[PDB]
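Heads up: the structure comes next, in C-alpha cells.
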Amino acid sequence: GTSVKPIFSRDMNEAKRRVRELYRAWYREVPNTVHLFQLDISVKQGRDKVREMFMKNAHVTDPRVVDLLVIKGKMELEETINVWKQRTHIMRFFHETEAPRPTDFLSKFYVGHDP
Amino acid sequence: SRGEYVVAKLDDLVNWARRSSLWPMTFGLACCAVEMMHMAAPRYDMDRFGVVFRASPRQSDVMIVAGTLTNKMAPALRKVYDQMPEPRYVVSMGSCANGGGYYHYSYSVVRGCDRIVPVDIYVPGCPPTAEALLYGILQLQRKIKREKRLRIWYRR
Amino acid sequence: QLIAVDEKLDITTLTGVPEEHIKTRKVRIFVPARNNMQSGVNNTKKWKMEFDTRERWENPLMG
Amino acid sequence: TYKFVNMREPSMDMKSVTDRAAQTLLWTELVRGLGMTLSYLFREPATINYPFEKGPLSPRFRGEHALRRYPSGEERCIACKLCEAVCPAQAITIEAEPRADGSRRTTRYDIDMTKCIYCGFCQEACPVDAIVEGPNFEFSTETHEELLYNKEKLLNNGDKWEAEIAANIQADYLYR
Amino acid sequence: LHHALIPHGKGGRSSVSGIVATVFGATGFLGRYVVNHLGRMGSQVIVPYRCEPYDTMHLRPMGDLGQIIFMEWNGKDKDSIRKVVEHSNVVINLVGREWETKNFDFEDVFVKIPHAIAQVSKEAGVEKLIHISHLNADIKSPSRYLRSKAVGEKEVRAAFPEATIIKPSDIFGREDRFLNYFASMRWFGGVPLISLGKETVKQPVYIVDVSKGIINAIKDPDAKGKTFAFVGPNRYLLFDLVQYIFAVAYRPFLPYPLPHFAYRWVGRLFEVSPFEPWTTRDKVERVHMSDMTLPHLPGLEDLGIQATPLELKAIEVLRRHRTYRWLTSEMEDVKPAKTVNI
Amino acid sequence: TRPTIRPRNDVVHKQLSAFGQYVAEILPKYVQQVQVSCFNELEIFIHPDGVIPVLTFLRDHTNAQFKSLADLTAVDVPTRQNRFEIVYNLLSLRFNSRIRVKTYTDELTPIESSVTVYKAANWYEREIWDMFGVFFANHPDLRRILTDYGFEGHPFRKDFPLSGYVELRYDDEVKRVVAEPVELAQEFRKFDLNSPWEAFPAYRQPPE
Amino acid sequence: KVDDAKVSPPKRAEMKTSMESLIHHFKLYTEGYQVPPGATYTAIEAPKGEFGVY
Amino acid sequence: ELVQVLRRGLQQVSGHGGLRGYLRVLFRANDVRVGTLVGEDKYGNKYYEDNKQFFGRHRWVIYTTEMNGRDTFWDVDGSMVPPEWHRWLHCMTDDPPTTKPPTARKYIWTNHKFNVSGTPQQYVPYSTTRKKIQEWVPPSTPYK
Amino acid sequence: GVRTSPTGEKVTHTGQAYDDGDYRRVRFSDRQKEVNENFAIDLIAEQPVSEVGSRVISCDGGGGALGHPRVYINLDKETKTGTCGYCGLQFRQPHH
Ligand SMILES: CCCCCCCCCCCCCCCCC[C@@H](O)O[C@H](CO[C@H](O)CCCCCCCCCCCCCCC)COP(=O)(O)OCC[N+](C)(C)C
Ligand SMILES: NC(=O)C1=CN([C@@H]2O[C@H](COP(=O)(O)OP(=O)(O)OC[C@H]3O[C@@H](n4cnc5c(N)ncnc54)[C@H](OP(=O)(O)O)[C@@H]3O)[C@@H](O)[C@H]2O)C=CC1
Ligand code: SF4
Ligand code: SF4
Ligand code: SF4
Ligand SMILES: [Zn+2]
C-alpha cells in the first residue's frame, strides 16, 4: 500500500535501468570533459570519480529517490556537456585543497572537541 | 649618485603616466554601478581626470568591483581580472564588495571580493556617493604616485 | 497509478547535507521552558527541534 | 484615459510628398540632431571642480559613524543595545559592564563598516543620541582591516566631528 | 602554550592554529606556496619584504582579516630582523638568488643573511627555525652557490642549534626555473647539453611536496634539530628528462652536445644582463651536476608526505609552453620517461 | 476607528464569495476549500491532480478569463506531512480581479507542469525546483535557474542553514576558485524576539 | 505616519518625556510590531511593470 | 563683445597676485576664477564664494600647501577640510564658521587630521575587552 | 587618564593592554594603537555636585529634547548624593 505516486519508475528494475543508462552517458562523456576543460587529471581518474559518486547512493531502496537522483545526475551531465560548468565546478568533486580530516578516535581527541 | 637620480626621475615619469591615464573596465554588478555611472556623468566627469571606461579587459588598468559578488559569479570576476595585463589595480566599492554587506550571512554570497582578488582601495558606503568613489580613485592615484619600482630594481 | 512502495521514508541523499552533519548530529525535540523572568506562557505552545551546540572560539582580530 | 503614440497618417498631397522626398534626399532631421549637439557645445558644462568644489549635501546625510558625549565630557552611550538589536546587517557588537563608579557603560563597541548598509536605523533607535551617522564620506582605506571600527575609533570620530555633528542635529532634531 | 596561542576551530581559514610564523623570502617561488599553506589553516603570518609592495599583492587573499602582516625589512640590518621576528614562535628562511647582483653576492644571501636571521631569532626567543639549503651543498663543489649553501648551513646550525634544516633538490612547479628553464631553450632552436646529458642524474621534487614538508616539520615535535632531504620518487638522466619535457610541450627536441668551456663562455656572456639573467655559469654547473644520494637523512616520507611523481604534475607546468595545436592534449598521452633507479 | 484603521469593502467581499461558490460548484472534483480574506482576496484550495483542469478553466471560462499569471511560488511548512504549498496568483483583466489557487506536495510527489496553460510558469517552475526541490512533470526544460552550478541542496527549505554549507575563495596553489566547508569569523547572532504574551485573541487556538 | 504607537514609532520628544512612548519605542526597535497571521499578494505599477509581494 | 571677454581674462590673471600666482592657481586647482574671500582656515586653507556661478561652483577652497606634516602642494584631498568649513563647503548651511562659530567643547579636537590610511598613523583594529577565563597558577614550590 | 603598561603600551579606558607574551602586539609594530585620549569617567568625576532645595530633582541631560529621557532622582539619603543614571551628574540637598 502506502499510496505513493511514481515519477518514472514503478518498481526498482526500471530504476536500475535508468541508472545504468545514466552511468553509460557519464562514462562516455568523461574523456570529452577531460579534453574540453583541459583538466590535469586522467580519464581513469574521472571515471573512478564517476563510479565513486554513483556508489555513494548505492544503499537507496526507494524507486522515487532513485528517480530523483537520476534526474539530478542528468542535470549535472547536461550542465557539463554544454560547458555551463567551469573548470572550478568540475574540479570541486576532488577536494584538492581540503586537508584530510582524520577518522580515528585519538587524532579527533587531539585536534578538538568535535566527534 | 647619478644612477639613483636617473632611476628616481624615470620612476616619477612612469608613475605620473600610469596615474594620469587610468582606464577602468566597463564592469558593474549591482546598485554600486549606478553611482559609478553618476561619477561618469557630467556633474563629476571622471574623464577630466584621464579616467576612461573600456570594455575589453586587455585594454583596462583598473577593476572597480561595484556590487555583490556571488558564488556563481566569482569565477568570472577572477577570470576577467586575470586577463588584465599588468600593472593592474582593483578598487572594492561598497559594503557588498568590501565584506559582503547586507548579504554577509548568505549561502550564495562571497564575503568580500578580497577573498578572490587582491584589493588596493576599499570605498565604504551602501552605496558610496559618486564623490566618495572619486575620492577613492584619487587616493589610488596617490598610491600609484608613491610606488618605486625602478628604485627597488636599482638597489637590488 | 500507484506503485506500493514498502520502505521507510528516507530523503538524506536528496537534501544535499554533508554526511558529517547527518550522522554525528543529535537534535533535541522539546517544548521550550517558560522564561522564569516573565509570567506569560505564549512561548510554551509549540514544539522545537534544535541541534547540539558545537565549538565557538575567539576571532584573533576584533575578538 | 489613454492616448495613442503611433497612430498618425501621413498627408498624401504633392507638397507633403515633395517635403518628405526632400527630407529623405537632403537629410533634414539629421541636420536637426547636429544642431542640437552644436547647441549643447556652446552651453556651460555642469562639471564641478572636485576636490576644490563639493556636491551639495543635507543635514540628514548619512556618513561615517560617531559616538558622542555630553557637554561634561561623559559619554552618552549607556549600553542599552537597542542599536545592536535594530541593525539590519548585524554590524554592531556590544559588550558592557558596570564601570568603576557604577555607571552603565560599554566595554566593547564595534561597528563593521563592511557589513553596514548605512541606513541610519541605529541613530533612530538610540534614546540618548549616542550613536550618529556623521557627515564625513571621504574615509576610504587601503586595507580591509582599517574598516573594522572599535570603541576607540568611534570615540575619536565623535571628538573629531562633534562641531559639525551638533550643528547638523540642531538643524534637524525638530523633524525627528 | 600562552592561551592566545592555543589551537581552535576546524583548521580552516577562520581557525586558530597556534602558529605565528615569520617567512623570510615569502615573495618568491616557494614562499607563496608556504604562505598559502600557512594561511589555509588559520596562522598568523608575518611577511618581511624589501621589494615593491605591488609585488606582494598576490599574497593578500591567502589569509583571513589581519592574519597576514607585511613589514619592510633589510637583509643587512639586524634591528629590522629583530622587529620582524619579535612576536613569532616560528621563523622560516627562504632567502636566495640563483644569480649574483652588485649589492648581494652568494655569500651575502646564503651565509650572512641566514646567520643574522638565526642569531636574531635565537636572541628573541623564537621557538622554531626552519632553514632551507640545497641537497648538493658541499664545501668544495664546483658551484659557489652550493659552497655558500654549505657554509651558511654550518653557520645556521652554530647560531641556532635547534634549527631544522631542509635540503630539497630541483623543485618544479608552475613558477619554477627548472622545467621552464628547459622548455625555454626551444627559442634557440637546439638544446645544448654537456655530454648530451648522459652523465647527469636528476631527482626533482614537487613544490607542493616541499611546502607540505615544511608545514609538517613545523608541526612535528621531534623534527627540532633534524636535517631533511626532500627528493622526488624517481631519478632520471638529464637527456631523458629534457626529452620528456619537450615531449609534454610537443616541441621538436633537437639536442646537441656542447663542451664545458663553451657552455661556461655562454653563461658568462649571459651574466652581463642587468636584469634577471637567462642563465649563468653557476646555473650551468648546477644543471649538469648529478643529484646526491643521502640515504642516511630523513626524507619526505618521514614527515608523512608521499612524493608526487613528475609524470602526474608536468602537464600543469608545460601546457603553457605548447602551441594552439596541442593545447587540449591529455596527460596520459606522453608515455613517461625512463627512470634510472638503482 | 476612522483615521488610523483601514476601511472595509463589503461589495468586493460579496462578489468574491459568490464567485468562489461558483468555482466550487463548477469543479467539485478538485476544489477542497474556498476562502475570502478580510482584505478581499479570494483563495481556492484544490487537490494536486486538478492543477491543470482548474487553471485551464480559470483561464478559458468566459466568466473567469484569468489570462495573466502574476506569480507562482512555494511555501515550506515542515510540520505538515505534505511539506510544500504551491501558490498560483492569477489576474483577470476583463473583470479587473485577482484569484489565488493553492495546492500541496511533498518531496517525492511531482506536480503537473502548467507551461501548457501559462507560458509564464516555465521559469517560475524552474525556480520552485531550484529553491525547494519540487519536481514538475512534463516540464520542457527543468534545471537550476538561481543557484550556482553544482550547488547541492535547496536553500529556501526551512531546514537549510542560512549561510549554507560551503564557501568560495581563490586558491593560488591550484590557481582557481575552490569551495570549502563554511567558517564564519563572526557567527550570526540568533535573536529570540517573540513576546511571551499573546498579541491577537482572534487567532487563539484551542488548548488541545 | 499613522498615529498608532504600536506600529509607528513615537516622536523623540515624546519618547524622552512619556513612559508609554519610551516603552513603545524600546519594543518597536528591539522586537518590532507583531503582524496578524495571514497571506497577501500586493502589486503596484512600478516603472518596470507590475511589482508584487506575496 | 569678445573684447570684454578678453578684458575679463586679463583682470582674472591680474587679480590672482600677478602672473606667477595665476600660474600657481592654474596648476594647483585647474581653475583661474576669482571670488570673494569668505575666510581663512587655521591650517592654511582659504575659502571663497561667488554667487553668480551656478549651484555647485559658487563655493570653493584653495587648499594649504603645508598640512600637519606633509607637503600638500600637489597632493590634496577633500579630507583636509576641518568639520566647520566642511559643513559650510558642502552647503549644509549658508553661514560660514566666521559668522556662526561652532559650539566649543573641551573634548573637540583642536587639530584636524586628514585620512591617514597607508601611513604609520593608520588605525589598527583590536579587541578592547579583557580576558574572560583565568587559568590556574601552579605553586612555585616543590610538592615533595 | 591615560597610563602606560610595563611594555610601554597605552592602557585604554576599558583597561585593555596586551600582555608581555601576547603575539598580537605585532599588529601594532610599524604602526600605532588607536587609544582614545579622553576618559569619560575622569571627566564626569570633575563635574561639581549641584545643590538643590528639594527632596526630588529632575534630570534630562540638558538641551531638552537633545538630552536623555527625563528621570527623577531622590535626595533623601544624606550620606551620599543622587546620581543620574544617564548623564552621571550628581545632586544633593543643602547639608550641614
Ligand atoms: C625626445 C623625447 C624622448 C622620449 C619621449 C617621451 C615623452 C617625454 C616625457 C613627457 C614629460 C611630461 C611629464 C611631466 C608632467 C608632470 C605634471 C605635474 O603636475 O606633476 C606633478 C609631479 O610630477 C611628477 O612627479 C614628475 C613628472 C616627470 C618626472 C621626470 C620626467 C623626465 C622625462 C625626461 C625624458 C625621459 C625619456 C627617456 C627615453 C628617451 C604633480 O602633479 P599631480 O600630483 O600628479 O596632479 C595633481 C592634480 N591636482 C594638482 C589638481 C591636485
Ligand atoms: N628549485 C629551487 O627553487 C631550489 C630552491 N633552493 C632554495 O630554496 C629557497 C627558496 O627557493 P625559491 O623560492 O625558488 O627562490 P626565489 O628566487 O624564487 O625567492 C627568493 C626570496 O628570497 C628573497 N630574497 C632574495 N634575495 C634577497 C635579499 N638580498 N634580500 C632580501 N630578500 C631576498 C626574494 O625577495 P625579492 O622579491 O625582493 O627578490 C625572494 O622573496 C631559497 O633559499 C633557495 O636557495 C633549494 C633547492 C631548490
Ligand atoms: S553595497 Fe549597497 S548599494 Fe552597493 S551593491 Fe551592495 S547593496 Fe547595492
Ligand atoms: S546605519 Fe544601519 S546598517 Fe549601519 S550600523 Fe546603523 S543600523 Fe546597522
Ligand atoms: S549607542 Fe545608543 S542605542 Fe546603542 S547601546 Fe549606546 S545608548 Fe543604546
Ligand atoms: Zn542626567
*Within region G:1-22, which residues are outside any loop (DSSP other than H, G, I, E, B) and either within 19 Å of I:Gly61 (Cα to Cα) or within 15 Å of the chain's Cα centre (by Cα) (or both)?*
G:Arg12, G:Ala13, G:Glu14, G:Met15, G:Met19, G:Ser21, G:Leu22
*Identify, by number, the condition in (1) under 30 Å from E:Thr22 (Cα atoms); (2) more than 8 Å from chain D (Cβ to nearest Cβ) that I:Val35 doesn't meet.*
(2)
*Residues of region E:7-45 satisfying the condition of being closer than 21 Å to A:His113 by Cβ, β-branched (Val, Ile, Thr) and in contact with a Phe, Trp or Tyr (Cβ under 9 Å, 6 or more places away or on another chain)*: E:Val16
*asked:* Of the conditions (1) assigned to a helix (DSSP H, G or I); (2) farther than 29 Å from F:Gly150 by Cβ; (3) of a type in the set (A, V, I, L, M, F, W, C), C:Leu61 satisfies every one except a single condition; which number is it?
replied: (1)
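Of all helices (runs of 4 or more DSSP H) completely enclosed by region D:1-97, which ones contain at least 3 residues that are within 16 Å of ligand 5 (Cβ to nearest atom)?
Values: elements: D:14-26, D:28-41, D:82-86.
Hits in region D:1-97: D:82-86.
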*asked:* For region D:114-128, give me the residue count where each residue is touching a helix residue (DSSP H, G or I) at 6+ places or on another chain (Cβ under 7 Å) and more than 12 Å from ligand 5 (Cβ to nearest atom).
replied: 4
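Run down B:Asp82, B:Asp61 and say which single residue is closer than 18 Å to E:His58 by Cα, under 15 Å from the mean Cα position of the chain (by Cα), away from ligand 4 (no atom under 16 Å from the Cβ) and surrounded by 18 or more Cβ atoms within 10 Å (Cβ to Cβ). Write out each step before concluding.
Values: B:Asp82 fails: surrounded by 18 or more Cβ atoms within 10 Å (Cβ to Cβ).
Only one candidate qualifies: B:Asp61.
Please find, among F:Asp130, F:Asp159, the residue that is in contact (Cβ under 8 Å) with a residue 24 or more places away in the chain and either among the aromatic types (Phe, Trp, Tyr) or surrounded by 13 or more Cβ atoms within 10 Å (Cβ to Cβ) (or both). First the steps, then the outcome.
Working: F:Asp159 fails: either among the aromatic types (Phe, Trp, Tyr) or surrounded by 13 or more Cβ atoms within 10 Å (Cβ to Cβ) (or both).
After ruling out the rest, the residue left standing is F:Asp130.
In region H:33-72, which residue that is of a type in the set (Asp, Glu) and touching a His at 6+ places or on another chain (Cβ under 7 Å) is surrounded by the fewest Cβ atoms within 10 Å (Cβ to Cβ)?
If we filter region H:33-72 for residues that are of a type in the set (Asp, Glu), which is where we start, we get H:40-41, H:49-50, H:66, H:71.
Narrowing the set further to residues that are touching a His at 6+ places or on another chain (Cβ under 7 Å) leaves H:49-50.
Values: H:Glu49: 18, H:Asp50: 14.
Across region H:33-72, the extreme among qualifying residues is H:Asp50.
Could you list, in sequence order, the residues of region D:142-176 that are within 16 Å of I:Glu37 (Cβ to Cβ) and of a type in the set (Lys, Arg)?
First, the residues of region D:142-176 that are within 16 Å of I:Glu37 (Cβ to Cβ): D:150-162.
Those that are within 16 Å of I:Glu37 (Cβ to Cβ) and of a type in the set (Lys, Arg): D:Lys151, D:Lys153, D:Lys160.
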*asked:* Take the conditions surrounded by 17 or more Cβ atoms within 10 Å (Cβ to Cβ), over 29 Å from H:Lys106 (Cα atoms), away from ligand 3 (no atom under 16 Å from the Cβ) and away from chain G (no Cβ under 14 Å) and apply them to I:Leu75. Does it pass?
replied: yes
*First in region A:54-73 and of a type in the set (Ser, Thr, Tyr), second anywhere and surrounded by fewer than 21 Cβ atoms within 10 Å (Cβ to Cβ) and part of a helix (DSSP H, G or I), Cβ under 8 Å, 6 or more apart*: A:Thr61/A:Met12
*Could you give me the residue pairs with C-beta distances under 8 Å whose first residue belongs to region E:1-29 and is free of Cβ contacts under 8 Å to residues at least 40 places away in the same chain, whose second residue is in a strand (DSSP E or B) and surrounded by fewer than 21 Cβ atoms within 10 Å (Cβ to Cβ) wherever it lies, and which are 6+ apart or on separate chains?*
E:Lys10/F:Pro181; E:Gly12/F:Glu180; E:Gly12/F:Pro181; E:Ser15/E:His8; E:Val16/E:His8; E:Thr27/E:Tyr49
*asked:* Taking the condition of being assigned to a strand (DSSP E or B) and more than 7 Å from ligand 4 (Cβ to nearest atom), how many residues in region D:107-130 meet it?
replied: 5
*All but one of (1) within 16 Å of ligand 1 (Cβ to nearest atom); (2) within 7 Å of chain D (Cβ to nearest Cβ) hold for B:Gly112; which doesn't?*
(1)
*asked:* I'd like to know if region E:184-203 contains one or more residues that are touching a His at 6+ places or on another chain (Cβ under 6 Å), buried (at least 23 other Cβ atoms within 10 Å of the Cβ) and within 29 Å of E:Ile342 (Cβ to Cβ).
replied: no
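Restricting attention to helices (runs of 4 or more DSSP H) lying wholly within region A:1-110, give those where 1 or more residues are at negative phi, over 18 Å from the mean Cα position of the chain (by Cα) and of a type in the set (A, V, I, L, M, F, W, C). Lay out the reasoning, then the answer.
Details: elements: A:12-37, A:43-56, A:63-81, A:87-91.
Here the list reads A:12-37.
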*Scan region F:134-159 for residues that are at the interface with chain C (Cβ under 10 Å from one of its Cβ atoms) and at positive phi and jot them down.*
F:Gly153
*Mind telling me which of the residues A:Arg20, A:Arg92 ends up being basic (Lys, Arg) and closer than 30 Å to C:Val5 by Cα?*
A:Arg20
*In region E:111-125, is there at least one residue being in contact (Cβ under 8 Å) with a residue 12 or more places away in the chain, more than 19 Å from E:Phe228 (Cβ to Cβ), outside any helix (DSSP H, G or I) and not polar (S, T, N, Q)?*
no
_One residue from E:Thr22, E:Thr56, E:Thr101 being β-branched (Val, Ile, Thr) and in a helix (DSSP H, G or I)_ = E:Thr56
*Do the conditions hold for I:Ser58, that is, is it in contact (Cβ under 8 Å) with a residue 24 or more places away in the chain, away from chain D (no Cβ under 14 Å) and more than 16 Å from ligand 4 (Cβ to nearest atom)?*
no
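Restricting attention to region F:40-57, and to residues there that are among the hydrophobic types (A, V, I, L, M, F, W, C) and within 18 Å of the chain's Cα centre (by Cα), which single residue is farthest from F:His13 (Cα to Cα)? Can you show your working first?
Of all residues in region F:40-57, those among the hydrophobic types (A, V, I, L, M, F, W, C) come to F:42, F:44-46, F:51-52, F:54-55, F:57.
After this cut, where a residue has to be within 18 Å of the chain's Cα centre (by Cα) as well, the list is F:42, F:44-46, F:51-52, F:54-55.
Values: F:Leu42: 9, F:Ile44: 15, F:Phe45: 18, F:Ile46: 21, F:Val51: 25, F:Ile52: 27, F:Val54: 22, F:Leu55: 22 Å.
Only one residue tops the list, namely F:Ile52.
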*Flag if F:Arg8 is basic (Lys, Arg) and closer than 23 Å to G:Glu50 by Cβ*: no
*Filtering region H:73-131 down to residues that are more than 24 Å from I:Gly63 (Cα to Cα) and charged (D, E, K, R), which residue is surrounded by the fewest Cβ atoms within 10 Å (Cβ to Cβ)?*
H:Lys131
*Could you check, for region F:42-58, whether at least one of its residues is aromatic (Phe, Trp, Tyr) and not in a loop (DSSP other than H, G, I, E, B)?*
yes
*Scan region E:85-118 for residues that are in contact with a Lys or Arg (Cβ under 8 Å, 6 or more places away or on another chain) and polar (S, T, N, Q) and jot them down.*
E:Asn89, E:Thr101, E:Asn103
_Answer from A:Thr103, A:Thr88 - the residue that is within 9 Å of chain F (Cβ to nearest Cβ) and either under 29 Å from E:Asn36 (Cβ atoms) or small (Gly, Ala, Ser) (or both)_ = A:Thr88
_helices (runs of 4 or more DSSP H) lying entirely in region B:55-156 (those with 1 or more residues that are more than 30 Å from B:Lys9 (Cβ to Cβ))_ = B:74-82, B:95-99, B:130-146
*Limited to region A:6-22, what total is found for residues that are more than 12 Å from every other protein chain (Cβ to nearest Cβ) and surrounded by 16 or more Cβ atoms within 10 Å (Cβ to Cβ)?*
3
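Here Cβ is always computed from backbone atoms with ideal geometry, including for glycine, and neighbour counts include all displayed protein chains. Computed from the coordinates by the stated procedures, all read-outs in this text should not be read as laboratory data.
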